[PDB]
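Given next, in structure tokens, is a single chain: the form deposited in one PDB entry.
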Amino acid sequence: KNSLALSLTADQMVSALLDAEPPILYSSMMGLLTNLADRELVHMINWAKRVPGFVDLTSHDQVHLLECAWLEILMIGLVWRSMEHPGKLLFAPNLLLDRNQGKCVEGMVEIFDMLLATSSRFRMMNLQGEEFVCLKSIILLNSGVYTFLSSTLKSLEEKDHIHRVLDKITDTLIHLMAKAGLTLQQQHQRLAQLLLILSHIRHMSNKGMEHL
């Protein structure tokens, strides 16, 4: 590579991610969600092109990452919006839903409870917006990386590049924590807690697809 992305400071990485953030959009229940998600996806495509390192990949690889990540990204967005609304999911400012409404749809209450659990966890952790954008990028680059067909040298160099950008996001995350005054022990602990939640996000996403 000649990647401008690998040369960014932590502060530059955050600013670029903050700049790239989509707006909050306004809203059958499946109909409402589908309408919303559809409109969100257009923003997501455009947002992904602005995640440092993403455009350095081939189109096949960009699309693979997006195909693998799109629901988790929708989901983490939802969770972040819902944080200051305990017991409720803020799909849109004009569409705030409690658990019991998840019931109207087959299999959805389970996914809703999971979404709510993730929201409280973030809430208990006092997740910051700067952390959130970092996590969302991680999901984009990480979710798909392990399932490109891994022969062609090209395909091999794409994975290394992704692993490097991710190490940059890790560093970025650590820097925010350091700047926020957290000790080293606290820094490594919070980093672990954050990344471990991504595994629950993956699960929610898979369960969702299975229900579908």
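Each residue number is its position in the shown sequence, starting from 1. Between two forms, the rigid core is the largest collection of C-alphas that superpose within 1.5 Å.
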Given that the flanking residues are present, does residue 149 go without coordinates in at least a third of the other entries of this protein?
yes
Interval residue 150-residue 151, deposited residues with no coordinates in the entry (none, 1 to 3, 4 to 9, 10 or more)
none
As stated in the PDB record, which stretch has the larger average Cα B-factor, 5-13 or 198-206?
5-13
Higher avg CA temperature factor (153-161 vs 36-44, as deposited) belongs to 153-161
Among 105, 135, 117, 75, highest Cα B-factor in the entry goes to 105
Per the entry, which of 143, 59, 27, 172 tops the list for Cα B factor?
59
Quick check for you: using the entry's CA B-factors within this chain, is residue 99 in the lowest, middle or highest third?
highest
Compared with the other modelled residues in the chain, in which third is the CA B-factor of residue 85?
highest
Among all modelled residues of this chain, ranked by Cα B factor, put residue 139 in the bottom, middle or top third, i.e. lowest, middle or highest.
lowest
How does the C-alpha B factor of residue 177 compare with the rest of the chain: lowest, middle or highest third?
middle
Report the third (lowest, middle or highest) to which the CA temperature factor of residue 63 belongs, ranking only the modelled residues of the same chain.
middle
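Another form, the form deposited in another entry, is not on view; read the next lines as being about it.
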If you fit the rigid core between this form and the one not shown, which of 125, 96, 104, 117 ends up with a C-alpha shift of 2 Å or more?
104
